[PDB]
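**Student:** To start, I am sharing the structure in question, which I have written as structure tokens.
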Amino acid sequence: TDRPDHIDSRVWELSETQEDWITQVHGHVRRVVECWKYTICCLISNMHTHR
Amino acid sequence: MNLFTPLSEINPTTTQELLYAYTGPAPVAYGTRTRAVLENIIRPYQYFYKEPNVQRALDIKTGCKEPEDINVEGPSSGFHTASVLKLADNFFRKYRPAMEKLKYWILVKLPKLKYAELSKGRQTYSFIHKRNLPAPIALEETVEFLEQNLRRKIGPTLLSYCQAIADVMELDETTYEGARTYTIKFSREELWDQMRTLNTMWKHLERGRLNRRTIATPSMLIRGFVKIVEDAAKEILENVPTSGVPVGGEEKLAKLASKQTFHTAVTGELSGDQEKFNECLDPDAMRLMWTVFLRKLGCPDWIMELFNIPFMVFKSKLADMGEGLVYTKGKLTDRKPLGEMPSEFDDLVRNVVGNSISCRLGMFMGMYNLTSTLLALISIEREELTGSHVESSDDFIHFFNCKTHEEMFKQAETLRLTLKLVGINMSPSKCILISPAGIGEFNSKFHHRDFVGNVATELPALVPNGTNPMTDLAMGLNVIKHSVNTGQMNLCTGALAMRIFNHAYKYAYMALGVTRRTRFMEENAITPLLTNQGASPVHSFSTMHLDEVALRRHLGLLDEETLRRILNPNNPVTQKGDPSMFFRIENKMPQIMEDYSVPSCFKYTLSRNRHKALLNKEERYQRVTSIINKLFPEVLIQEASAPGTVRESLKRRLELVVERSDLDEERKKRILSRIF
Amino acid sequence: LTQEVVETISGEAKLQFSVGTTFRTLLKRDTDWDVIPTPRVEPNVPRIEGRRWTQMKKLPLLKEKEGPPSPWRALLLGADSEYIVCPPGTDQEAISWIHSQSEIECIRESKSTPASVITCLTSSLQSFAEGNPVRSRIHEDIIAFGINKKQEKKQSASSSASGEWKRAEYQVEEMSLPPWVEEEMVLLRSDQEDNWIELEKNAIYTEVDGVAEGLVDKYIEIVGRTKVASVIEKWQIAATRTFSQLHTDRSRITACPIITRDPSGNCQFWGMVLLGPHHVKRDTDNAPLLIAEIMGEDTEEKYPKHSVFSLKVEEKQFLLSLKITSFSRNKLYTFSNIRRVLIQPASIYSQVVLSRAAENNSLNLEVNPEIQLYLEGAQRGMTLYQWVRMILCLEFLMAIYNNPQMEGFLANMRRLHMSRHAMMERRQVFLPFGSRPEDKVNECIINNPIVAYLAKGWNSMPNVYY
Amino acid sequence: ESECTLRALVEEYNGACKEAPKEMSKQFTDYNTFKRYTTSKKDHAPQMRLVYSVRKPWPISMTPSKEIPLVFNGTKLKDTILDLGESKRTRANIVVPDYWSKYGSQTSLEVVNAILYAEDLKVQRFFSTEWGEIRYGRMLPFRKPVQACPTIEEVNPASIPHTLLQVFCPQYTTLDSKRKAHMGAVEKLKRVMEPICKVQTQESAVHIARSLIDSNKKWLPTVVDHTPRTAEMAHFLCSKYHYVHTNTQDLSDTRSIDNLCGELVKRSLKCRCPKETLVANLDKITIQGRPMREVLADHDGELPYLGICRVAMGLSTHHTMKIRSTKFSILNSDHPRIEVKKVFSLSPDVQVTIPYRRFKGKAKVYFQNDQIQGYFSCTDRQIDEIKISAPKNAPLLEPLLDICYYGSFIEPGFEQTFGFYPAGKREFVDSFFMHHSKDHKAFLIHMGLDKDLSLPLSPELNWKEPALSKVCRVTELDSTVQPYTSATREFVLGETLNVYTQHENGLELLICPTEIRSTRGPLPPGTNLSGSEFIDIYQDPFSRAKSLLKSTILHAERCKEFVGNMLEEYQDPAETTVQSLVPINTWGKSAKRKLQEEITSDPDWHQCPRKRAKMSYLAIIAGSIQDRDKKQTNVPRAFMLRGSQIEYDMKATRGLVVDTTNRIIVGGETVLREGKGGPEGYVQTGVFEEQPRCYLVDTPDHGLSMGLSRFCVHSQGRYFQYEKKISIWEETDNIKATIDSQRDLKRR
RNA sequence: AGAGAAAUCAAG
RNA sequence: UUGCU
RNA sequence: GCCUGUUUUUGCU
RNA sequence: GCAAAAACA
Ligand SMILES: *O[C]1[C]([C]OP([O])(=O)OP([O])(=O)OP([O])(=O)O[C][C]2O[C](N3=[C]N([C])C4=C3N=C([N])[N]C4=O)[C]([O])[C]2[O])O[C](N2[C]=NC3=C2N=[C]N=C3[N])[C]1O[C]
């Protein structure tokens, strides 16, 4: 549907009810950018353990 | 009529096809449209009050009236504000998936709408030339006007176009400077008048009505604004059960059949039209309904403003009067404006602005078929109405499943009153209710046990076009095939239509009797071998979809000796005037440009007998598009996204393709030497 | 999406749309609300006292207009059309044979079409005898084709102009149902020697194709040997021949003979169409025509504007119509494809046969059942073949008499037809308060003879169903 | 040669720059708008001019040429005298095409074959279907969307633009476009259009290619269980008065995909949270070279398991509730079909439960079976009305009993027990059907009898059969009734892989596992279950071992996990595979000891593929089925797989694994090629408008084969420089791990 | 003349 | 120049 | 002269 | 996307 191909389905589903995208400027683009940031956060924390 | 009413074998419904005088001439309009335009202007003012009082109803702006003001024994122009609010609330509370789809369209589909979609239209009034021009021409001139007045570049999105339209109205003065050379100027008031101006004209070749009607068209300055509202209305209507306008063909019939459930003790069916439609609807009611829809969805203020622009503009509509009411002294027929001498439209003289007349009430035009459908549907949603309703624009069908007859009568009266609460009046003479359901009509589709086929709705298309014999044959066969598949014509009717079309097609191409073509073929021993050449037909009832040449080759009626001649890609008959580009699958050079001809020699073109400078500009656009397509094959499958200007992009692509030509170095340098 | 992405990253976040100050003032001129309306009324749906729905116990009775009987207002004669048998050959040879062996004598002259224009026709014959379908103007052409008639009428009106300017107030004369419509129905159906429908048979590959072509052949042989087919062929030939000569500007006289050919090859002269000086700028404007054609029987009350002539050819007597008319390009093109009218009676026939086949799960192809119809106010049986025959007759009669009145009448008669069909199945019909479905039909009944004929047919059948 | 094409392009570019100084200073993306300006191609009405146009003295307009003689025998052909040289200037008679049909230059036969290929397909397809016998039955139409023409391949719409780009312009594509394309369709289209593109222009060739691989469904009225699954011959095989009984097999891979999906669903339900397990596996399984998500998007079938897997991937489904031979569809209802958890305990302590479903409120359900179709309206459990359309004298036992089972209207078998305690749901339902087959009096006592003879249903359930009394509230269908949905349904995949449809007042069950009945079928060709956690699906020991070895060798982390779980008797997702690959032996402890020496001596073993192969071999032997009686012996150098003559070797010198210094081949396929084509893929790593300092490969293919660490591709004036992937994990795995950690931290 | 039907054509 | 049953 | 909306059938870019 | 044709409101 509206999900970009690079955005994971789980990330897209989780981002639906995080911010009220309808009132924001470029709500779809803002949601895509937030998904980008969350995916970057996921890639930073990837199978790394300390204790 | 007695010959059309069988009583033993077939029912009268199957004879509804006999109540069609088609294949005879269609009525046309002859003279001045001013009388019809003025009637359309004056009708909304005559229906606002129970008693006709045009003068008192001319100074009102918003057509909101009290419940006791609404006329129940005749047309009622106007709406009840509280009723509209409550009904829109009820319609939003129900059909939540439709509102979710609306939200998705606003978030996703709306920002990517392109103003080039406005080019899909037809003859459009031009605020520059004061004339009807083709939609691409008007779109280009409006875009250039905006470009040179705002001193900026409009984005491809329709939102950018609407923002440019909003911005250009802020300027005190504007200039076009077409330079076909000629310079024209506009003020804020002049541009305001031109944007809210509807050019009117006669509608010709329309069947099914005694009196000629007038059509209208606005400029490109408001078509873009209406486009967003129409798209949103379509998005809502595609997801509501009670809509009938966005679905067509067999899908509409399936939707109708899904609601033909009659199980209760009393099962009635009411099929009808709405009288005086498109002139009893106040655009303020549409504003209120859209505002409620976008406010319960949480949309911001700019969405509301954008959705409200078109209806506010049409509240100030200046319908273009014709060329003057006709007056007679003796046998003379002179033509005078509205205000010169008294007539039946004197009360509207105060509304005359130049050659146009203002109309606050009504909508005068069919630019909101989808929005008017939504306005009709919101009134349906209430606890009293429990039947199934289908509404396209002004044709509606309703199914009542009630325990008792009086309950059905109360439901029908409630339906009529709710439609009147918004500004939609049932046509009493055109509304028929059958208390045992099963027989009905919708969009000229009649049903008794199943939707019967309607012959004579397919005969106007059973005429060869003027492209070429092969295209004409394919179009005729496929039209008959779709008619058969739809069920309009059966086996015998399909075959008879095929034979009639074949005979007309052969006559149209000089393939019957003794003609110049037949004499030339006979004197040179040229056997026909093709349908357009007078040979026996190869298409059968079951071979509607099959191409003539391939079928004749398969059956052996067309030998390879003539096949290698008629299908020559180098025949002079259909040779294109310009070299064309060709792909090469798994080749060192995937791009080969050479002269080409249409394969079939019978796919020729017919010579024609022998916004002016804009046509030359569009020819330049054609040249640029052709070179882009030749140099950028990938945009042939996907949208254009190359960065930079056209010149630099094609220069880089040309350098790249020459670099990959596998030629030696010197060839490459002397080729890139001559690139400008 | 690069611009939008960069904008969201930077954070300027332009609202994508904004209405200025003066534009808002312009918008709020013709409305009582702002750009975003916020009415101060509580949302509520009031209760309105409505009317009561009334049952339509009896079907409406369409009113019949009163006045002089309608004349035959059509391009060609119809059932009175006849032809002259000529030796086989080309059109020029046939016209040369007719002209050199013909005597013309005026027997009935009408004020609408002066007899003196007969010379025009003969001149055209002369012109078309040596293979010149276009001839120079003669004096009588001015009378025949109304050359410079508009200017003369304008000058006469200006000379006779007196009084004060008033509105148009046009009037359409109402005329009653003529007796000749029933005769046209009774005629136009008699058997003919030839088939008059010679359509090339489609290919047959499958059994579905076989049954389809069998049904088509049955329909052709049950409606072929009929005067309707001959008149349809005449109309189509005349329309095509006159249409093909109208895609240009000419100040001269063009002859468009109406000639068909039998299987034996002998020519059949239905008449000739003379196209006067035409300079068409649109597809709806009229062009002058002079229609000479062979009658079978002359009626004063049916052809008041026709000047009937007696034509003597090889010890044979014929009648000639020779009417002055103005006709349009669009109508001529429409009548060029008049053969499409055969589909609807074929639709009825095929529906009956295929319904019987589906009921019995087997195709018969020779069924001629007994349709029950209201013939003279009473329900009697009638064979399917002749039912299809005069369905074709009436379809052709309506096709050549299609005008706004006919379009409106047929469009508004469908509701009454559906109501009647509902009531014959013991279904009650209910109507709104001010419901008068008959008015929308009565407004279209003015002077069209076939509209009046259909109205009489509707009135004849019962209106109350028990 | 190619030089003339370059000259033509350069001259055209120069002319465009000179003749149009404007219209090219605009942005390239503006082509999306000004391509739509195609006026001057408009004519008033060609149908009203054809008769006159053909009969003009010189009707045909054509470019000047010398092949057509100026004057042929007697007649003059071309009007080449007036203004010869003005492009499409020459005027010729209508007979010139007739003159060219004979006495003309010919063309090679392969050109003629290529031109007519698309139409010849239709011609032979028509003259290949067996024409049955016409049956006349007064058909009641069912309006549904059907595919217009058959396709050589089934490709989801989103992959259509990328597939065509892979066929015509590989040189202007990126690796993402390559991965999103259907490579089987790409190869088929390339083979088909290799001759076609020589006689068709670029846009024409694209048109035929898309028409070959696009669906283009259109709404038509068809006949129930007689749809020709294509509108190509709909006008011939059905005409509302007849059908032609035609025979045609499925000729598709949809059933194999259903078998794969059913195996995945059945094996997924045996673990914790089956939904996440199935979603994770479907994102790692591939068929041929296409990922499972895209092949699911390709095949939009009517089957249950296919619908479950499509819903699991966020797609829709067309499955409808079906009880044996009768299909049901809820037209409208007040509340969803409520489940009842009725318990039929066999003992105070031992209980057996058979949940069922019913209606709560008023509902209306359309049903159809064979030629019988109609609807029934009910309230709660009492049937209110039944409308049926069926052929005369047809037996209506099974449709009515299916209706009763669907609504639980009849209760010798609902809310109570038949008799002896039921063994389970299967036996209970079978007993219900077999009892009510010979006892239909429950229907009669449910809706009584009527003294009116006009009712068509006979007491012994025959349509329109004369009798003494008739069944009440069952009448002939008045008007056509068909299920239609306006709003696009969105499906919810709940636990136990239950596919629900979102109803207004709750959730409407659509597909429910544990009662879907289907025998095991062949897997789709090219299925690659080497992803994770599911290898026992393969019946062949060969492929079953090959997938496991591909998983272990190509992934160091997977090899480490496999060795760790296989040495200390931990839970291994592929225990059954290892048990079924190695016969009963006594080499377990010896192999475990060998694992001990080779993990202690070289703890860094899990980077050399040879070491990974040796460790995997030893681990697979270690956890085999150890014989109870015989004493442990030394591990053999090579052994034999169960039920096959396939030899598995330690040193991989022969048999299933062969590891030469140049390359490693597993199961006849080169899993590793040393030097070029590393095991891990590539990442895009940069988009530029200017040539990067790398190697510009011609296409995405001819890339990924040289094994370069830096290569660029071109796409619409932009450059994409793929370099290498160095991260051992994957973005999907990273996202899954992050979300799992977040949810666990929320729960804990 | 005439065609025609709510007003036009009947050329410059 | 002119030929549809 | 020839509006808007929906659907359908062709052909061309 | 464009051009033509048709039907419906
Ligand atoms: O509107 C239209 C659209 C619709 O369709 P669909 O189905 O969706 O498909 P597609 O196409 O893919 O879509 P899109 O994406 O939007 O588009 C794409 C691109 O590319 C192009 N193209 C295409 N195609 C097919 C083609 C082209 N070009 C040429 N020349 N040819 C061809 O073929 C386009 O333009 C774009 O840009 O879509 C489209 N389409 C369709 N079809 C067509 C088109 N276009 C053109 N043409 C055609 N034929 C449209 O829009 C745009």
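We name chains A, B, ... following the order of the structure tokens; residues begin at 1 in each chain, and ligands are numbered from 1 as shown.
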Could the residues that lie within 10 Å of ligand 1, counting only C-alpha atoms (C1' of nucleotides) and all ligand atoms, be listed as a VMD selection string?

**Tutor:** (chain B and resid 117 120 625 to 626 629 633 to 640) or (chain D and resid 31 to 33 35 to 36 157 to 162 164 202 to 211 214 to 216) or (chain G and resid 12 to 13) or (chain H and resid 1 to 2)

**Student:** Once you count only C-alpha atoms (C1' of nucleotides), which residues of chain B turn out to be within 12 Å of chain E? Could you give them as a VMD selection string?

**Tutor:** chain B and resid 27 to 36 210 to 213 324 to 328 333 to 335

**Student:** As an exercise, work out the distance from CA of residue 302 (chain B) to CA of residue 358 (chain B) in Å and give it to one decimal place.

**Tutor:**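 A separation of 27.8 Å between them.
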
**Student:** If DSSP is run on the backbone, what residues of chain A are helix (DSSP H, G or I)? A reply as number ranges by chain would be ideal.

**Tutor:** A: 9-14, 27-44

**Student:** If we count only C-alpha atoms (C1' of nucleotides), what is near residue 20 (chain B) at a cut-off of 8 Å, once residues fewer than 3 positions away on the same chain are taken out, given as a PyMOL selection string?

**Tutor:** (chain B and resi 16-17+456) or (chain C and resi 407+410-411)

**Student:** With C-alpha atoms retained, export the selected residues as a PDB file, in the first residue's frame.

**Tutor:**
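For reference, part-v3.pdb as written:
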ATOM      1  CA  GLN B  16     -38.272  -1.912 -23.307  1.00  0.00           C
ATOM      2  CA  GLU B  17     -35.676  -2.050 -26.098  1.00  0.00           C
ATOM      3  CA  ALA B 456     -30.449   0.119 -29.618  1.00  0.00           C
TER       4      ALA B 456
ATOM      5  CA  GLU C 407     -37.518  11.256 -28.236  1.00  0.00           C
ATOM      6  CA  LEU C 410     -40.368   7.349 -25.940  1.00  0.00           C
ATOM      7  CA  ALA C 411     -38.153   8.358 -23.011  1.00  0.00           C
TER       8      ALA C 411
END

**Student:** Using only C-alpha atoms, I'd like every residue of chain D that has an atom within 12 Å of chain A; please write them out as a PyMOL selection string.

**Tutor:** chain D and resi 158-159+176-177+179-180+276+279-280+283+293-294+312-316+490+557+727-743

**Student:** Can I get the residues of chain A within 10 Å of chain C, each with the closest pair of atoms and their distance in Å to one decimal, using only C-alpha atoms, sorted chain first then ascending number, as CSV?

**Tutor:**
residue,atom,partner,partner_atom,distance
A:23,CA,C:15,CA,9.9
A:24,CA,C:13,CA,8.5
A:25,CA,C:13,CA,5.7
A:26,CA,C:4,CA,7.2
A:27,CA,C:8,CA,9.4
A:29,CA,C:5,CA,6.5
A:30,CA,C:8,CA,6.6
A:32,CA,C:5,CA,9.2
A:33,CA,C:5,CA,7.9

**Student:** Kindly save the residues from that selection, with N, CA, C and O atoms included, as an mmCIF file, in the first residue's frame.

**Tutor:**
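Listing of again31.cif after writing:
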data_model
loop_
_atom_site.group_PDB
_atom_site.id
_atom_site.type_symbol
_atom_site.label_atom_id
_atom_site.label_comp_id
_atom_site.auth_asym_id
_atom_site.auth_seq_id
_atom_site.Cartn_x
_atom_site.Cartn_y
_atom_site.Cartn_z
ATOM 1 N N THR A 23 -2.051 16.178 10.623
ATOM 2 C CA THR A 23 -1.896 17.606 10.874
ATOM 3 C C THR A 23 -0.496 18.127 10.577
ATOM 4 O O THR A 23 -0.315 19.346 10.493
ATOM 5 N N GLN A 24 0.490 17.251 10.420
ATOM 6 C CA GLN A 24 1.852 17.694 10.173
ATOM 7 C C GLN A 24 2.070 17.976 8.692
ATOM 8 O O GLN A 24 1.399 17.413 7.823
ATOM 9 N N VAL A 25 3.021 18.867 8.411
ATOM 10 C CA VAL A 25 3.371 19.181 7.033
ATOM 11 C C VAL A 25 4.058 17.979 6.404
ATOM 12 O O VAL A 25 5.030 17.443 6.954
ATOM 13 N N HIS A 26 3.562 17.558 5.242
ATOM 14 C CA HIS A 26 4.054 16.368 4.550
ATOM 15 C C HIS A 26 4.024 15.159 5.485
ATOM 16 O O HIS A 26 5.052 14.576 5.831
ATOM 17 N N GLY A 27 2.808 14.803 5.899
ATOM 18 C CA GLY A 27 2.651 13.755 6.895
ATOM 19 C C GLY A 27 3.228 12.424 6.454
ATOM 20 O O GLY A 27 3.864 11.723 7.243
ATOM 21 N N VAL A 29 5.667 11.979 4.202
ATOM 22 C CA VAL A 29 7.119 12.116 4.171
ATOM 23 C C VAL A 29 7.681 12.169 5.585
ATOM 24 O O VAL A 29 8.752 11.618 5.863
ATOM 25 N N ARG A 30 6.972 12.831 6.503
ATOM 26 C CA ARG A 30 7.414 12.862 7.894
ATOM 27 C C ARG A 30 7.416 11.464 8.499
ATOM 28 O O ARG A 30 8.344 11.094 9.229
ATOM 29 N N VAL A 32 7.758 8.659 6.823
ATOM 30 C CA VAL A 32 8.862 7.933 6.197
ATOM 31 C C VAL A 32 10.189 8.313 6.844
ATOM 32 O O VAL A 32 11.053 7.459 7.069
ATOM 33 N N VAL A 33 10.373 9.597 7.156
ATOM 34 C CA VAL A 33 11.613 10.040 7.789
ATOM 35 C C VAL A 33 11.738 9.462 9.196
ATOM 36 O O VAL A 33 12.825 9.045 9.619
#

**Student:** Using only C-alpha atoms (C1' of nucleotides), determine which residues lie at most 10 Å from residue 4 (chain F), disregarding the query and same-chain residues fewer than 5 positions distant; provide the list as number ranges by chain.

**Tutor:** B: 503-508, 510-513; C: 198-199, 233, 236-237, 240, 260-261

**Student:** Next, dump the selected residues to file, keeping only C-alpha atoms, as a short mmCIF file (atom, residue, chain, number, x, y, z; two decimals), in the first residue's frame.

**Tutor:**
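Written out: selection_14.cif:
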data_model
loop_
_atom_site.label_atom_id
_atom_site.label_comp_id
_atom_site.auth_asym_id
_atom_site.auth_seq_id
_atom_site.Cartn_x
_atom_site.Cartn_y
_atom_site.Cartn_z
CA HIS B 503 -21.81 -5.05 -45.35
CA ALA B 504 -21.45 -1.40 -44.30
CA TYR B 505 -17.68 -1.85 -43.90
CA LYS B 506 -17.35 -3.37 -47.37
CA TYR B 507 -19.45 -0.59 -48.91
CA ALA B 508 -17.44 2.13 -47.15
CA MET B 510 -15.58 0.40 -52.31
CA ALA B 511 -15.66 -3.40 -52.02
CA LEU B 512 -19.23 -3.98 -53.28
CA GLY B 513 -20.72 -3.74 -56.74
CA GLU C 198 -29.02 -9.83 -49.24
CA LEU C 199 -26.37 -9.87 -46.50
CA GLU C 233 -32.96 -0.23 -49.12
CA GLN C 236 -30.34 3.88 -47.45
CA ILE C 237 -29.38 4.24 -51.12
CA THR C 240 -25.84 7.63 -49.10
CA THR C 260 -31.24 -0.43 -56.90
CA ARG C 261 -30.58 -3.75 -58.62
#

**Student:** Excluding same-chain residues fewer than 3 positions from residue 311 (chain B), what lies within 9 Å of it counting only C-alpha atoms (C1' of nucleotides), as a count of residues only?

**Tutor:** 12

**Student:** So how many Å separate CA of residue 89 (chain B) and CA of residue 238 (chain B), to one decimal?

**Tutor:**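 One can read the CA of residue 89 (chain B) to CA of residue 238 (chain B) distance as 19.3 Å.
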
**Student:** May I have the residues of chain D within 12 Å of chain F, counting only C-alpha atoms (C1' of nucleotides), written as a count of residues only?

**Tutor:** 3

**Student:** From a backbone DSSP assignment, name each residue in region 319-411 of chain B labelled strand (DSSP E), as a PyMOL selection string.

**Tutor:** chain B and resi 319-320+325-328+334-336+352-353+356-359+388-391+395-402

**Student:** For those residues, write N, CA, C and O atoms to a file as a compact mmCIF listing (two decimals), in the first residue's frame.

**Tutor:**
# COMPACT_ATOMS: atom_id res chain seq x y z
N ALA B 319 -22.54 32.98 -14.87
CA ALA B 319 -22.92 32.21 -16.05
C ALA B 319 -22.93 33.13 -17.27
O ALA B 319 -23.56 34.19 -17.26
N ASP B 320 -22.23 32.72 -18.32
CA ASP B 320 -22.15 33.52 -19.53
C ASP B 320 -23.47 33.44 -20.27
O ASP B 320 -23.85 32.37 -20.76
N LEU B 325 -31.58 37.57 -26.15
CA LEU B 325 -32.96 37.13 -26.35
C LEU B 325 -33.50 37.66 -27.67
O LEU B 325 -33.17 38.77 -28.10
N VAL B 326 -34.34 36.86 -28.31
CA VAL B 326 -34.88 37.19 -29.63
C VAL B 326 -36.19 37.94 -29.46
O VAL B 326 -37.05 37.55 -28.66
N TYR B 327 -36.34 39.04 -30.20
CA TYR B 327 -37.53 39.87 -30.18
C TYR B 327 -38.05 40.04 -31.60
O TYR B 327 -37.27 40.09 -32.56
N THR B 328 -39.37 40.12 -31.73
CA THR B 328 -40.02 40.27 -33.02
C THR B 328 -40.94 41.48 -33.00
O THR B 328 -41.75 41.63 -32.07
N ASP B 334 -35.03 40.36 -34.39
CA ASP B 334 -33.85 41.01 -33.86
C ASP B 334 -33.42 40.32 -32.57
O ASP B 334 -34.14 39.51 -31.99
N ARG B 335 -32.22 40.66 -32.11
CA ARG B 335 -31.59 39.97 -30.98
C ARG B 335 -31.02 41.02 -30.04
O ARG B 335 -30.13 41.79 -30.42
N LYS B 336 -31.52 41.05 -28.80
CA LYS B 336 -31.19 42.11 -27.86
C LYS B 336 -30.75 41.53 -26.53
O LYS B 336 -31.15 40.42 -26.16
N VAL B 352 -26.75 41.26 -13.80
CA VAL B 352 -26.00 41.24 -15.05
C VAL B 352 -24.65 41.92 -14.83
O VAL B 352 -24.59 43.08 -14.40
N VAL B 353 -23.57 41.20 -15.12
CA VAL B 353 -22.21 41.72 -15.03
C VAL B 353 -21.61 41.59 -16.42
O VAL B 353 -21.17 40.50 -16.81
N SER B 356 -22.32 38.52 -18.72
CA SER B 356 -22.60 37.39 -17.85
C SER B 356 -23.60 37.80 -16.77
O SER B 356 -23.87 38.98 -16.55
N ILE B 357 -24.16 36.79 -16.10
CA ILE B 357 -25.15 37.00 -15.05
C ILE B 357 -24.75 36.17 -13.83
O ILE B 357 -24.37 35.01 -13.97
N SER B 358 -24.81 36.78 -12.66
CA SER B 358 -24.40 36.11 -11.43
C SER B 358 -25.53 35.22 -10.91
O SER B 358 -26.71 35.52 -11.08
N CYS B 359 -25.15 34.13 -10.26
CA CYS B 359 -26.13 33.21 -9.67
C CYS B 359 -25.58 32.68 -8.35
O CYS B 359 -24.72 31.80 -8.33
N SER B 388 -32.44 -0.17 1.43
CA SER B 388 -31.18 -0.11 0.70
C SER B 388 -31.30 0.94 -0.40
O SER B 388 -32.21 0.86 -1.23
N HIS B 389 -30.39 1.90 -0.41
CA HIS B 389 -30.45 3.03 -1.32
C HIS B 389 -29.24 3.03 -2.25
O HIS B 389 -28.12 2.74 -1.81
N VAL B 390 -29.47 3.35 -3.52
CA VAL B 390 -28.40 3.53 -4.50
C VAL B 390 -28.66 4.83 -5.25
O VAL B 390 -29.76 5.02 -5.79
N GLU B 391 -27.66 5.70 -5.29
CA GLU B 391 -27.76 7.03 -5.87
C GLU B 391 -26.52 7.28 -6.71
O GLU B 391 -25.40 7.18 -6.20
N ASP B 395 -30.34 9.88 -10.27
CA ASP B 395 -31.15 8.69 -10.45
C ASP B 395 -30.93 7.79 -9.25
O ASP B 395 -29.79 7.47 -8.92
N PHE B 396 -32.01 7.41 -8.58
CA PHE B 396 -31.91 6.63 -7.36
C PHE B 396 -32.86 5.44 -7.41
O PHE B 396 -33.91 5.47 -8.06
N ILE B 397 -32.46 4.38 -6.71
CA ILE B 397 -33.29 3.20 -6.52
C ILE B 397 -33.22 2.80 -5.06
O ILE B 397 -32.14 2.78 -4.46
N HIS B 398 -34.37 2.49 -4.47
CA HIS B 398 -34.48 2.17 -3.06
C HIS B 398 -35.28 0.89 -2.89
O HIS B 398 -36.23 0.64 -3.64
N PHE B 399 -34.88 0.08 -1.92
CA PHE B 399 -35.53 -1.18 -1.62
C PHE B 399 -35.99 -1.15 -0.17
O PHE B 399 -35.18 -0.97 0.74
N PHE B 400 -37.30 -1.31 0.03
CA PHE B 400 -37.90 -1.30 1.36
C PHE B 400 -38.25 -2.73 1.76
O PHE B 400 -38.92 -3.44 1.00
N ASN B 401 -37.81 -3.13 2.94
CA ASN B 401 -38.18 -4.42 3.54
C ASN B 401 -38.91 -4.11 4.84
O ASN B 401 -38.29 -3.99 5.90
N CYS B 402 -40.23 -3.97 4.75
CA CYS B 402 -41.05 -3.55 5.87
C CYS B 402 -42.09 -4.62 6.19
O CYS B 402 -42.50 -5.39 5.32

**Student:** Tell me, in Å to one decimal, how far CA of residue 31 (chain A) is from CA of residue 113 (chain B).

**Tutor:**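 Spanning CA of residue 31 (chain A) to CA of residue 113 (chain B) is a straight-line distance of 19.1 Å.
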
**Student:** Pick out the residues sitting within 10 Å of residue 194 (chain D), and hand them over as a ChimeraX atom specification; count only C-alpha atoms (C1' of nucleotides), and ignore anything fewer than 2 positions along from it in its own chain.

**Tutor:** /B:583-587 /D:114,167-168,189-192,196-199
